[PDB]
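Note sheet for the following structure.
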Number of protein chains: 4
Amino acid sequence: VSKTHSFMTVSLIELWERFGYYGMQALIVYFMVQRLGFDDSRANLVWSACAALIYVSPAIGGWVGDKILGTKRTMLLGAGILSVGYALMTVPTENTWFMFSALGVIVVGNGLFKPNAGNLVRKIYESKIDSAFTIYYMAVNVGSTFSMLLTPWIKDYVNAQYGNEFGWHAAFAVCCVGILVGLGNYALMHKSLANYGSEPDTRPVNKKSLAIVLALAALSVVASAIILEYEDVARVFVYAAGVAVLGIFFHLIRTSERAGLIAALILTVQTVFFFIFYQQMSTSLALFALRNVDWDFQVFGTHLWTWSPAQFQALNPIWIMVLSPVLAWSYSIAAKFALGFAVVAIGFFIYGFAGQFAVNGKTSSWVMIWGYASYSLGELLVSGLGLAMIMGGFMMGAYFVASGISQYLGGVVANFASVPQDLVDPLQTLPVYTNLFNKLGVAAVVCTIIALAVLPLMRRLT
Amino acid sequence: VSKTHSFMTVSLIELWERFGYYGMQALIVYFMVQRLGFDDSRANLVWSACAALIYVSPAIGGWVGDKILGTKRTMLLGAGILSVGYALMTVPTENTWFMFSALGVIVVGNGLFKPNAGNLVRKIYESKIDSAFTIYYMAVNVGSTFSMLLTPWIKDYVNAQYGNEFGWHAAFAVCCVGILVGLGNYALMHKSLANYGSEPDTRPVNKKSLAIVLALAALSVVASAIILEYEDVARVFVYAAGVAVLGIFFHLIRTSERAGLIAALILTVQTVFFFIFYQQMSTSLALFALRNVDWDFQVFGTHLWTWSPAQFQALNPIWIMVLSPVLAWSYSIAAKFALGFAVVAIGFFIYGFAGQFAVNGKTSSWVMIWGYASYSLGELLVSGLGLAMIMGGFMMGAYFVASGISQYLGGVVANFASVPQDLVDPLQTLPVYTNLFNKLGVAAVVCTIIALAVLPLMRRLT
Amino acid sequence: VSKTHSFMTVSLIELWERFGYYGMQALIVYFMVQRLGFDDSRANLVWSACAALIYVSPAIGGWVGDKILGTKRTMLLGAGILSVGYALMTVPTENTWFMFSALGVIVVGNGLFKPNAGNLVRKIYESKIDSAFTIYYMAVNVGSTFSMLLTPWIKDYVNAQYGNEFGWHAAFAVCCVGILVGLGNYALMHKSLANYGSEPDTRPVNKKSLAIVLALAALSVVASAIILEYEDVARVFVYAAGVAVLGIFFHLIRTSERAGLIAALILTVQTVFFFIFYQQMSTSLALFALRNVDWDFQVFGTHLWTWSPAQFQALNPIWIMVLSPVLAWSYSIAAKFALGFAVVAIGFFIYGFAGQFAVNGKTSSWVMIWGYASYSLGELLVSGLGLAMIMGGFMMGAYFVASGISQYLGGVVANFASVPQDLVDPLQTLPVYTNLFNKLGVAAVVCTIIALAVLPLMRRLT
Amino acid sequence: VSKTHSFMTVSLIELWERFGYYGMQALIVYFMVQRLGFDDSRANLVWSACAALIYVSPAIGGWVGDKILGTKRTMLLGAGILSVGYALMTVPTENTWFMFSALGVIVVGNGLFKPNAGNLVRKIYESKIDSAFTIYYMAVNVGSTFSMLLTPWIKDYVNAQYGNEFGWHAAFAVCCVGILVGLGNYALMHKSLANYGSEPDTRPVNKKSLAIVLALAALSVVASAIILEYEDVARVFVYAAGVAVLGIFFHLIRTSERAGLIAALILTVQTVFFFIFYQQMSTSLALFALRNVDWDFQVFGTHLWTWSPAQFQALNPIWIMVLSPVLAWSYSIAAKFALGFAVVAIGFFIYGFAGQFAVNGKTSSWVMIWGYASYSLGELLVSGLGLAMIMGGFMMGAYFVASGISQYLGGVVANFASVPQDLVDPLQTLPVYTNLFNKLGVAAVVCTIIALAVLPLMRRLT
């Protein structure tokens with residue numbers, strides 16, 4: 001019909017699928033602690049190891065749909081794998097297979113979707129696509145905001161009303177229909193994109209091609225599955241990649257004429273220094289949100305509402321929507337890069353800094369609201385790196401696999417919070433929580449220096 | 001005679017008529033509490049419901065004088081209705097008809113004046129009329145400053161000197177001669193504008209036209225009158241408008257080709273989010289100025305003067321005159337819009353924040369002087385909206401009637417201060433005043449996000 | 001010889017004559033309190049009334065030397081009247097004629113000099129004379145700095161060594177040779193300016209002209225003298241000027257076509273609002289520096305040096321030399337004017353604000369160092385007014401005589417510090433000093449509004 | 001081979017030789033206090049007097065290598081004199097000849113190197129050599145950072161493990177192989193610079209020239225040696241220079257047509273005002289780091305690592321690498337010069353300011369980390385002076401010799417910390433340390449005024 005009339009049907013199906021994902025990534029780390037009876041140091045590792053599967057997952061979906069099936073059926077097929085992916089999550093037992101089962105089932109379902117969203121959006125224009133994409137990114141951001149503000153309040157509503165543990169699984173179902181919502185938001189308008197097809201679905205489909213794809217999906221389903229039964233295999237797949245991915249450049253650091261490669265490695269070794277700090281909010285900060293912070297969010301002197309145990313992790317698409325034409329105040333190179341590490345640094349100092357004050361037995365209620373603004377403030381302006389530094393065929397995935405490796409090592413950082421499950425009084429939990437955030441932040445200042453230390457070398461080579 | 005010699009005779013008659021209005025809007029809310037014996041929750045509603053009549057009132061006067069009588073006689077006729085409008089106010093009884101009588105009598109007297117002031121000023125130029133209007137607006141602002149700084153000090157001077165309640169009515173008479181002043185400021189110079197007539201008073205007047213106008217005025221006088229005898233009718237006129245005014249766009253949100261209409265609704269639904277916060281200074285803050293704040297305005301350690309109970313509401317044309325070429329510091333789109341909500345937000349936090357400290361029995365004397373600067377700081381730069389976004393015949397008044405509806409809902413916000421009239425000790429009043437301003441301000445931060453959440457959508461459509 | 005070689009001989013003779021003047025204006029107010037046995041309220045008035053003679057005094061010298069004798073002999077004759085002007089000051093008795101005698105003897109000696117300095121400097125160029133004058137002004141400022149930092153330390157050195165009161169007169173002699181220094185700094189180089197003569201001393205001198213000039217000087221000497229014997233005559237000369245100088249514009253406010261005159265009066269009535277606040281540092285602050293401030297200038301915790309009782313008034317050519325290419329940070333109308341009043345305002349609040357804290361019996365040692373920076377910060381950028389707004393013959397002196405009238409009214413402001421001379425314990429002096437500086441500063445904020453209140457009227461008329 | 005391929009072999013040999021030097025200038029002042037049994041006031045003077053030899057030392061090496069031997073062999077010969085220069089330092093006795101011996105042996109070894117580094121770098125370009133040099137300067141700065149962070153931790157590792165004093169000499173050997181490292185970093189690549197020779201080593205070498213050079217070196221070795229045996233000779237060589245170097249301009253202040261010379265002296269007398277404040281970090285602050293500061297670097301509440309007694313002096317190439325494209329924020333004359341003195345001033349106030357608080361017996365652990373940032377903040381932007389103000393043959397070294405004289409007078413400033421070696425309890429050391437840093441800083445503000453006091457004179461003469 002029209003350009004902008006075409007634009008919603010990929011915006012809105014993203015707006016609902018993205019709404020599905022964050023309901024998982026909200027409580028599932030905080031889930032497997034007090035209900036099941038996991039220790040916690042086992043439990044930190046799981047989503048830790050899970051996340052590395054997920055950032056590398058746009059590569060596979062970057063391979064499949066643009067080359068085999070066509071984008072649109074891959075945009076179709078990437079949908080309702082999450083339909084199993086939470087209906088399997090919500091069957092109310094406690095047998096610990098289903099839990100670790102469907103987590104990897106998400107991955108190809110995530111994978112066949114995320115570089116299949118914007119890739120067609122990149123071809124309804126043919127370049128001020130930011131004027132198209134900043135609809136979409138702030139369509140993600142309006143969409144992702146609706147998510148975790150809601151998706152544990154359902155979990156709050158149940159488990160002192162219906163009687164037993166029939167509620168943790170219930171809130172999982174909220175995103176389950178939410179992806180089924182995103183079906184019908186497409187299904188009732190799936191004629192709009194008909195003039196903007198990819199390149200295989202110009203021609204009709206191939207079941208000779210399709211059966212292998214779902215088989216290699218079903219290969220990858222079980223491949224992503226067999227991890228969390230005895231976590232040592234997660235190490236062994238990294239130490240074959242994590243040696244050979246530094247070896248990816250060993251073919252062309254000093255052997256290969258144009259040393260922008262190692263300067264792209266200079267960005268790359270800097271890039272891994274990001275994501276190691278991120279995963280703490282999905283890990284230890286969630287444990288920090290369990291047995292220290294009071295849930296009596298009192299402004300000044302009055303009384304307000306008790307928080308969730310974990311809608312803290314919903315604050316993150318507030319600030320990347322607030323501080324996001326603010327950080328588009330242009331007039332009023334990758335080192336804007338750097339000083340954001342110091343934001344992450346001064347982020348971390350705060351968390352002992354209130355526990356410095358208000359020992360009450362417990363911590364101090366507030367704290368977090370300026371915490372999450374810090375990490376977001378560097379998070380906005382630093383993507384596009386080797387995707388900014390635009391002979392390719394290895395240069396493509398070289399940034400990707402290490403990025404997932406960078407995603408992995410947050411768990412092996414965060415392990416020091418392992419209070420034994422016998423220590424009950426949180427007068428003695430805080431002194432082991434204070435000994436981790438500061439010395440994480442001490443070296444977090446030291447990170448700032450290292451980009452600056454080689455900083456004037458870049459201005460010449462460009 | 002001359003252009004600038006013509007310019008005073010509309011400036012000065014505005015400068016005196018505007019001087020009349022604020023004497024009413026100063027104490028009349030604080031009037032009907034401790035003298036009559038109203039509760040207070042009845043009393044908040046009255047000026048609350050009165051104000052909605054007044055912002056819609058330039059529309060009717062925008063219809064009458066430019067089309068029927070001519071501007072000048074409408075500029076004449078809009079004057080001395082206030083002459084009854086305060087001489088009726090000042091007759092010293094306590095029978096509660098006169099009070100609610102003349103309040104609506106103001107309205108057409110206000111109505112036939114405010115878009116008849118500047119409309120001729122718009123035609124002594126034929127466009128840097130801001131270089132004409134910023135005389136006028138700061139002629140309003142020099143004029144409006146003289147007002148409420150004075151108009152309750154008269155009320156102070158009486159009621160412990162002359163003996164009884166013969167003083168509340170006395171200060172009302174100060175503006176009564178003040179409008180009679182504005183007669184003679186015109187009447188001794190009413191030959192100057194003779195070359196700048198409208199379009200009916202090019203021709204001679206029509207009593208065949210005039211008698212209906214004053215009849216429809218006298219219709220509207222009683223129509224505006226019959227409200228405050230049993231306040232439920234004020235609801236019922238809103239719920240016929242407030243449904244049909246959202247229905248005004250229902251003819252042309254999704255039916256009507258050019259979606260700037262709903263983006264003008266995006267400004268509009270944002271616009272209503274303003275005025276709901278305004279009316280608190282004309283309502284609850286005045287009650288907050290009665291039985292908490294000490295009147296011992298002590299700078300640092302010395303002694304100064306006891307305040308009025310309500311010249312606080314005079315501070316508002318100070319700051320919109322101070323901060324008003326400051327906010328014309330240009331080089332050193334409607335989202336400048338937005339962050340002013342955060343000013344209104346951080347405005348409100350202060351009021352418990354001093355009561356947080358100086359519990360003395362009572363509150364803490366100071367407080368307010370930085371309070372009123374906040375609301376003004378957003379108030380300067382946000383008008384001109386659909387009057388900035390310039391097929392019209394419904395688009396005109398659609399912003400207006402909802403704006404008065406937006407004016408209305410402040411009273412149904414502010415009702416929570418209803419202390420029963422038996423509770424005397426203000427040690428127990430403050431804990432019910434602290435429970436309202438914070439959670440008004442809590443969501444006042446939440447307002448800031450919502451313009452930002454859809455903010456990048458505007459830059460494309462223009 | 002050369003341009004710049006000519007430039008010193010008027011720079012340096014200014015640099016020494018200006019060095020002479022400030023030695024007087026340093027302690028002479030603080031002189032006539034504890035030695036003689038004056039009360040203090042008599043003593044405040046004297047330099048108060050003296051100062052008004054002095055700012056009007058460039059007008060008379062603006063008349064004499066450029067028209068009668070020639071600049072150079074008037075530059076000569078304006079010198080060593082101060083030679084009597086301090087040798088008369090230093091004769092060691094206590095008879096109170098000499099004191100009030102030579103104060104007015106300064107005036108014509110000041111008068112025949114200050115507009116005779118730069119007027120020739122204006123004609124060694126024939127216009128980037130600021131590149132000439134900012135040598136000179138910062139030659140004044142390097143010169144004036146050497147002054148009062150030294151000229152009471154001599155007074156410190158004597159009066160507990162030589163035995164009696166033979167020292168107050170001694171420090172007066174320091175500037176006495178200092179003007180005799182400025183003789184020889186000219187006298188050993190008085191051939192340099194020989195090619196840059198005025199216009200009478202092109203021709204030879206006239207004793208027929210000269211004898212009247214010194215007679216009218218000797219008329220003006222006794223005329224300036226007969227003031228301080230019974231101070232009521234000082235009123236009566238103002239109330240003939242101060243009525244007729246407002247009457248100077250009464251010929252041409254509303255009678256005289258071009259209303260920049262009253263806008264120049266708008267600057268003028270604003271201009272008088274300056275100087276009323278200035279004279280406090282030459283008056284009450286000096287009394288505030290007598291019997292409150294401890295002289296134990298302790299940085300942090302150690303020990304430093306005891307101050308003078310009055311080198312505080314030497315701080316003022318420090319800051320107008322520090323903050324003076326700072327305030328020439330241009331890119332990184334007279335309302336820059338205005339906000340400097342708020343600097344003067346926030347200046348004054350400090351003085352009770354430390355006495356708020358450190359009641360020790362006495363005040364708090366520090367205080368002043370940020371005080372004097374405030375008054376200077378507005379003092380730099382506000383001269384040149386009607387001398388900026390460039391049919392003249394009355395427009396010239398109209399700003400001048402009111403400026404001296406503005407100089408006068410500081411004394412009738414500062415009178416409220418009149419502690420009776422019997423009250424010894426400074427525990428009870430501070431509560432009458434706190435009651436004056438705040439309410440001076442309360443209205444000092446109110447001054448800021450008044451320029452802003454008419455501020456947009458100026459941008460049109462220019 | 002290539003330009004940038006040539007660029008390392010002078011970068012890296014600088015990067016290792018500079019790495020050698022700072023290992024000495026780190027602990028050698030703190031060395032001769034508690035081990036040997038020196039008082040301290042003798043010990044301050046030694047490196048104090050040593051430093052003056054070192055800044056003048058680029059002049060001699062600016063004479064030798066570019067004119068006699070050729071740069072490259074002078075770049076060769078300037079290396080391994082430090083090889084003796086620390087192997088002599090490390091022979092484990094306590095006879096106090098070796099200590100004062102090899103300190104001057106450094107000097108010609110430093111001298112034949114520092115203007116022989118960049119001088120060839122100035123001729124691999126032939127002018128955006130800053131785009132070459134900011135590699136090098138931040139190659140110095142990446143190199144110099146590796147230094148003192150490490151070179152007393154070796155000294156920590158020994159002297160409570162191996163038993164006795166066999167460790168102070170051990171850490172000296174760390175730089176000894178480090179210069180031997182810088183041999184092989186050249187020696188394994190000494191064919192790269194072969195096309196970029198100086199001008200003597202175009203031709204073959206001369207042993208008829210060489211033997212005098214090493215003899216005049218061996219003259220200068222003993223000449224620099226005979227100082228510290230009885231320190232009065234160090235005075236007598238200054239008072240022959242320090243009179244005649246002010247006499248260097250006495251030939252051409254007022255005798256010599258172009259007064260930029262004295263304005264270059266205006267920079268010069270300002271320039272000496274720098275370096276007097278510097279040497280305190282190499283002197284008294286090191287003593288301040290001995291017997292006041294606790295070594296329990298506790299962030300907030302936890303526990304971290306005990307410091308060194310002197311890696312504080314390693315902080316200085318952190319900040320001049322952090323704050324060094326920050327201070328290259330250009331758009332967002334020598335008076336940028338000036339306000340950095342106020343940074344040095346507000347630097348010094350801090351050191352009593354924490355001892356003001358946390359008297360514990362001892363001082364307060366933290367303190368220093370914001371201290372060293374201050375001195376660096378002026379240190380970046382102020383070099384290049386008479387090397388910026390570009391008839392030479394005396395104008396060259398005139399800035400140099402006074403700069404070393406300026407280097408000298410820090411020791412005669414810092415002498416006031418001479419606690420007698422008997423006073424043990426550091427409750428009584430701090431009150432003599434507080435009495436020095438403040439009144440050093442009191443006049444440090446006074447320095448700021450003096451450039452400003454003559455500041456507008458410069459803008460005309462250029």
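Identifiers for the structure tokens are assigned positionally: chains receive A, B, ... in sequence, residues are indexed from 1 per chain, and ligands are indexed from 1 in the order shown.
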Selection near segment 117-121 of chain D, 9 Å with only C-alpha atoms, sequence-local residues under 3 positions removed, as a PyMOL selection string | chain D and resi 7+10-11+13-14+66+71-72+75+113-114+124-125+129+132-133+136+196-198
All residues 12 Å or closer to residue 415 of chain B, only C-alpha atoms, same chain fewer than 2 positions away omitted, as a list in words | residues 39, 40, 41, 42, 43, 44, 45, 46, 48, 279, 280, 283, 284, 285, 287, 409, 410, 411, 412, 413, 417, 418, 419, 432, 433 and 436 of chain B
Restricting it to N, CA and C atoms, dump the selection as a CSV table (one decimal), in the first residue's frame.
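again09.csv, written as the output of this step:
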chain,number,residue,atom,x,y,z
B,39,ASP,N,-16.5,23.7,54.7
B,39,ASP,CA,-15.7,22.7,55.1
B,39,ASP,C,-14.2,22.9,54.6
B,40,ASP,N,-14.0,22.6,53.3
B,40,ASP,CA,-12.9,23.1,52.4
B,40,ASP,C,-13.0,22.3,51.1
B,41,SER,N,-13.4,21.0,51.2
B,41,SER,CA,-13.5,20.2,50.0
B,41,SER,C,-14.7,20.7,49.1
B,42,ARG,N,-15.7,21.3,49.7
B,42,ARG,CA,-16.6,22.1,48.9
B,42,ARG,C,-16.0,23.3,48.3
B,43,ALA,N,-15.1,23.9,49.0
B,43,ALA,CA,-14.6,25.2,48.6
B,43,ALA,C,-13.5,25.1,47.5
B,44,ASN,N,-12.7,24.1,47.6
B,44,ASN,CA,-11.8,23.8,46.5
B,44,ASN,C,-12.4,23.8,45.1
B,45,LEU,N,-13.5,23.1,45.1
B,45,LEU,CA,-14.3,22.7,43.8
B,45,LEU,C,-14.8,24.0,43.1
B,46,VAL,N,-15.0,25.1,43.8
B,46,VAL,CA,-15.7,26.2,43.3
B,46,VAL,C,-14.9,27.0,42.3
B,48,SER,N,-12.2,25.9,41.2
B,48,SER,CA,-11.9,24.8,40.3
B,48,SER,C,-12.8,24.8,39.2
B,279,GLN,N,-3.5,24.0,38.9
B,279,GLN,CA,-4.6,24.5,39.7
B,279,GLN,C,-4.3,24.3,41.2
B,280,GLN,N,-3.3,23.5,41.5
B,280,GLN,CA,-3.0,23.2,42.9
B,280,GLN,C,-2.5,24.5,43.6
B,283,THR,N,-5.3,26.1,44.6
B,283,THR,CA,-6.2,25.3,45.4
B,283,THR,C,-5.5,24.8,46.7
B,284,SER,N,-4.8,23.7,46.6
B,284,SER,CA,-4.3,23.0,47.8
B,284,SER,C,-3.2,23.7,48.4
B,285,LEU,N,-2.3,24.3,47.6
B,285,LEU,CA,-1.2,25.1,48.1
B,285,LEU,C,-1.7,26.3,48.9
B,287,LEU,N,-4.5,26.2,50.6
B,287,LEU,CA,-4.8,25.5,51.9
B,287,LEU,C,-3.5,25.1,52.6
B,409,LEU,N,-10.1,19.5,35.7
B,409,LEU,CA,-9.8,18.3,36.5
B,409,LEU,C,-8.8,18.6,37.6
B,410,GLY,N,-8.3,19.8,37.8
B,410,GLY,CA,-7.4,20.1,38.9
B,410,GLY,C,-8.2,19.9,40.3
B,411,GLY,N,-9.4,20.3,40.3
B,411,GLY,CA,-10.2,20.2,41.5
B,411,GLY,C,-10.5,18.8,41.9
B,412,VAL,N,-10.8,17.9,40.9
B,412,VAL,CA,-10.9,16.5,41.3
B,412,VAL,C,-9.6,15.8,41.6
B,413,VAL,N,-8.5,16.5,41.3
B,413,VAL,CA,-7.2,16.0,41.8
B,413,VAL,C,-7.0,16.4,43.3
B,417,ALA,N,-7.1,16.8,50.4
B,417,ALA,CA,-6.6,17.5,51.5
B,417,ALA,C,-7.8,17.8,52.5
B,418,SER,N,-8.9,17.1,52.3
B,418,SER,CA,-10.1,17.4,53.1
B,418,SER,C,-9.9,17.0,54.5
B,419,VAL,N,-9.2,17.8,55.3
B,419,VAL,CA,-9.3,17.6,56.7
B,419,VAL,C,-10.6,18.0,57.3
B,432,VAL,N,-1.1,14.5,56.7
B,432,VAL,CA,-2.0,14.3,55.5
B,432,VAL,C,-1.7,15.2,54.4
B,433,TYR,N,-0.9,16.3,54.6
B,433,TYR,CA,-0.4,17.1,53.5
B,433,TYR,C,0.9,16.5,52.9
B,436,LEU,N,0.2,13.8,50.0
B,436,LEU,CA,-0.4,14.2,48.7
B,436,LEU,C,0.6,14.8,47.7
Could you give me, as a PyMOL selection string, the residues within 9 Å of residue 335 of chain A, counting only C-alpha atoms and dropping anything in the same chain fewer than 4 positions from it?
-> chain A and resi 339-340+451-452+455
Per residue of chain C within 10 Å of chain D, record the nearest atom pair and its distance in Å to one decimal, counting only C-alpha atoms, with rows in chain order and ascending residue number, as CSV.
residue,atom,partner,partner_atom,distance
C:130,CA,D:456,CA,9.9
C:131,CA,D:460,CA,6.3
C:132,CA,D:460,CA,8.2
C:133,CA,D:456,CA,9.7
C:134,CA,D:456,CA,6.3
C:135,CA,D:457,CA,5.9
C:136,CA,D:457,CA,9.6
C:137,CA,D:456,CA,9.6
C:138,CA,D:453,CA,7.0
C:139,CA,D:454,CA,8.3
C:141,CA,D:453,CA,7.6
C:142,CA,D:453,CA,6.1
C:143,CA,D:453,CA,9.9
C:145,CA,D:453,CA,9.4
C:299,CA,D:438,CA,7.2
C:300,CA,D:353,CA,6.8
C:301,CA,D:356,CA,6.5
C:302,CA,D:435,CA,5.8
C:303,CA,D:435,CA,7.4
C:304,CA,D:439,CA,7.7
C:317,CA,D:453,CA,10.0
C:318,CA,D:449,CA,7.4
C:319,CA,D:449,CA,8.8
C:320,CA,D:453,CA,9.9
C:321,CA,D:453,CA,6.2
C:322,CA,D:452,CA,6.1
C:323,CA,D:452,CA,9.0
C:324,CA,D:452,CA,8.5
C:325,CA,D:452,CA,8.1
C:326,CA,D:452,CA,9.9
C:332,CA,D:332,CA,8.1
Please return as a ChimeraX atom specification: the residues of segment 217-318 of chain D that backbone DSSP assigns to helix (DSSP H, G or I).
-> /D:217-225,232-244,249-251,260-278,284-288,312-314,316-318
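Of note, atom CA of residue 102 of chain B and atom CA of residue 224 of chain B are spaced 9.7 Å apart.
Picture a line from atom CA of residue 310 of chain B to atom CA of residue 27 of chain B; it runs 6.6 Å.
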